[PDB]
């Protein structure tokens, strides 16, 4: 159930931000950035993922399109794990991402 609760919570957060206004199935990059920075504030990159992390977060600043769907939102979460979670420290898999 732990994964059930976790996945339910990831959809909850998406609904919170996407449901603000307009298309309830889409986010702007700015909303996605805000989401990540506020909901995952304590998450910071690991040793060899610092540069990858920064480029990722700058892209969310630069890019200002609003076609971010749920799948892309979740992908961003995955990317943050590869950058900030110690388990993936030595992962020779350069962020997809």
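Residue numbers count along the first chain shown, from 1.
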Quiz item: Which wins on mean Cα temperature factor, 83 to 91 or 9 to 17?
Solution: 83 to 91
Practice problem: Check the entry's C-alpha temperature factors for 23 to 31 and 52 to 60, then say which stretch has the higher mean. | Solution: 52 to 60
Quiz item: Among the modelled residues of its chain, does the C-alpha B-factor of residue 66 lie in the lowest, middle or highest third?
Solution: highest
Quiz item: According to the PDB entry, is the CA B factor of residue 47 in the bottom, middle or top third of its chain, that is, lowest, middle or highest?
Solution: highest
